[PDB]
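Derivation of every value follows stated rules applied to the coordinates shown; laboratory data play no part. All Cβ positions, even for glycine, are placed from backbone atoms using ideal geometry, and neighbour counts span all protein chains on display.
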2 protein chains.
Amino acid sequence: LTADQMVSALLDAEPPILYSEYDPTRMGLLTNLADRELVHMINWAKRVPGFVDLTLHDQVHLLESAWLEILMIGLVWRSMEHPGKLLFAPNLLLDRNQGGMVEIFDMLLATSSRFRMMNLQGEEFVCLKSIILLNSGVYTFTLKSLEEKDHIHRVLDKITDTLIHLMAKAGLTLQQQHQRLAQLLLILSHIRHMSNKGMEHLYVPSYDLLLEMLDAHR
Amino acid sequence: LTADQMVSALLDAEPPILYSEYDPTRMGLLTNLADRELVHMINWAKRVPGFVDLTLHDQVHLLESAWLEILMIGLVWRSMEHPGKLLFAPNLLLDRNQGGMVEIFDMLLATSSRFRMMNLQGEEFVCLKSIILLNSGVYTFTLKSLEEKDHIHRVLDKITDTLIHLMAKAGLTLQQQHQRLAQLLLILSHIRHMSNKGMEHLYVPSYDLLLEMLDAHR
Ligand SMILES: CCN1CC[C@@H](COc2ccc([C@@H]3c4ccc(O)cc4CC4(CC4)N3C(=O)c3ccccc3)cc2)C1
Ligand SMILES: CCN1CC[C@@H](COc2ccc([C@@H]3c4ccc(O)cc4CC4(CC4)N3C(=O)c3ccccc3)cc2)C1
């Protein structure tokens, strides 16, 4: 694919924005939301170029390592234009007072604010989210396994090329392109941090459930 | 500073390689080693360009967030040329059988192997380690605080420029430069992951101890 075809494919693959299911006229809400998003996550992952080329075992491993980071970056992206609040759903917009939960809440807000300051574009966001899917499990995986890693690194490389294409397209200098690429990728370290803190706070989709959702028939 | 002056400064700032203190003729060893390295860590941090320009409070916060990542990347760097082992010290080279410890052990080995495959250069390593110091605490911090963040981001940007300079210097194409920059920075997400897993396994230098070591007289 060209760089522009990568962007188009990623933008069309975007999952829908789900609603919280509480009676409008009247933690479980957050858990219920995450349950429903996971199914659409699977469908999104299978449309990330190169992902379905992996073994089903490798797909499960990547989704198992990445799922909370992917939910968290989606949240931070939705919340960008809502200073001081997290848009868990269009009908569930909470501030820090409504949130060990407030510690994680404050980190998500700070990431949303950093996105705001950098003026993160939707095209960049979908590249970052695909990078999370491919990268988060790649250091925790046979000849076929060596081939699986090479492929993942080639796909990651093409997303890097795509991010740079977007920035050159927008008129950034070569220096500004590298600098913004680095700033975006360092935010992924903070998203990993939050995911780890969140996985600590949650003590989770099982391998078998993920495999059951990924191991589709035709 | 020029890019080449950044590299020289960072290389000279490198801390010494400490030895384990056990009687050669005959977890505490790992803890003792980390205690001694922390003091040299402080001295190293104060020589990272731009770090001492921060408030003492901001320096402490950054070191508090980064210290285990910095110890871990140093370990992975030392261990690169020792497949299957971790060189905690020149006299303490352990394999995974000698190591919830083995889970973290295996992640460090995998990072060392990834460094090996990419042929990480010492000049790149010192850039990455400085990036960890400046980035790991920056999303968890007043007008002076806004000025502190701008400065940190400017220093981070200059290290990005330096990494690219090193890669262009080595003859990489512009495409290969961006791709390698991205590959290096994504490894920092895995180092953060390991640090979080390690901080979980350790349940640590206090704020006051760090401040006491950083709040030097003349
Ligand atoms: C029944 C089985 N399932 C499969 C395993 C399990 C699901 O685990 C969950 C539960 C809740 C969440 C929500 C949630 C929801 C939607 C969203 O888009 C993002 C998030 C983000 C997020 C901080 C991470 N969160 C929290 O509640 C939170 C906590 C403390 C501070 C702030 C926020 C995420 C995952 C239940
Ligand atoms: C007395 C007060 N101090 C201040 C707080 C506290 C210090 O905490 C420590 C203790 C130990 C370590 C060592 C250590 C040492 C040197 C090195 O260069 C790197 C590391 C890396 C590392 C995995 C992270 N580690 C482990 O033991 C390990 C565990 C499980 C699997 C593999 C390795 C790091 C930090 C004690």
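Within segment A:12-48, which residues are outside any helix (DSSP H, G or I), over 15 Å from the mean Cα position of the chain (by Cα) and surrounded by 12 or more Cβ atoms within 10 Å (Cβ to Cβ)? Hits for segment A:12-48 are A:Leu18, A:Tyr19, A:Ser20, A:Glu21, A:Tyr22.
Would you say B:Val52 is in contact with a helix residue (DSSP H, G or I) (Cβ under 8 Å, 6 or more places away or on another chain) and under 21 Å from B:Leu11 (Cβ atoms)? Considered against the rule, which asks whether it is in contact with a helix residue (DSSP H, G or I) (Cβ under 8 Å, 6 or more places away or on another chain) and under 21 Å from B:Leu11 (Cβ atoms), B:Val52 comes out as yes. Restrict the check to segment B:136-156 and report whether at least one residue is assigned to a helix (DSSP H, G or I) and of a type in the set (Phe, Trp, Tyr). Yes; the residues of segment B:136-156 include at least one that is assigned to a helix (DSSP H, G or I) and of a type in the set (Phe, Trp, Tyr).
Based on this model, can you work out whether B:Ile73 counts as more than 9 Å from ligand 2 (Cβ to nearest atom) and within 14 Å of another protein chain (Cβ to nearest Cβ)? Yes: the conditions hold for B:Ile73. In the set A:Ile104, A:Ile131, A:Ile187, only one residue is away from chain B (no Cβ under 11 Å) and part of a helix (DSSP H, G or I); that residue is A:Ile104. When A:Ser8, A:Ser65 are screened for being outside any loop (DSSP other than H, G, I, E, B) and either among the aromatic types (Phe, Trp, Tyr) or closer than 25 Å to A:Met213 by Cβ (or both), only A:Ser65 passes.
When residues in segment B:27-70 are screened for being more than 9 Å from ligand 2 (Cβ to nearest atom) and among the polar types (S, T, N, Q), 4 of them pass. Of the residues making up segment B:115-128, those that are closer than 22 Å to B:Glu14 by Cα and part of a helix (DSSP H, G or I) are B:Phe115, B:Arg116, B:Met118, B:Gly122, B:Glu123, B:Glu124, B:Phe125, B:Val126, B:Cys127, B:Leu128.
For (1) in contact with an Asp or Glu (Cβ under 8 Å, 6 or more places away or on another chain); (2) facing chain B (nearest Cβ under 7 Å); (3) more than 21 Å from B:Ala168 (Cβ to Cβ), each residue gets a yes or a no:
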position: A:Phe141; (1), (2), (3): yes, no, yes
position: A:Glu148; (1), (2), (3): yes, no, yes
position: A:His153; (1), (2), (3): no, no, yes
position: A:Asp157; (1), (2), (3): no, yes, no
position: A:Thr160; (1), (2), (3): no, yes, no
position: A:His165; (1), (2), (3): yes, no, no
position: A:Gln176; (1), (2), (3): no, no, no
position: A:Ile191; (1), (2), (3): yes, no, yes
position: A:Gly198; (1), (2), (3): no, no, yes
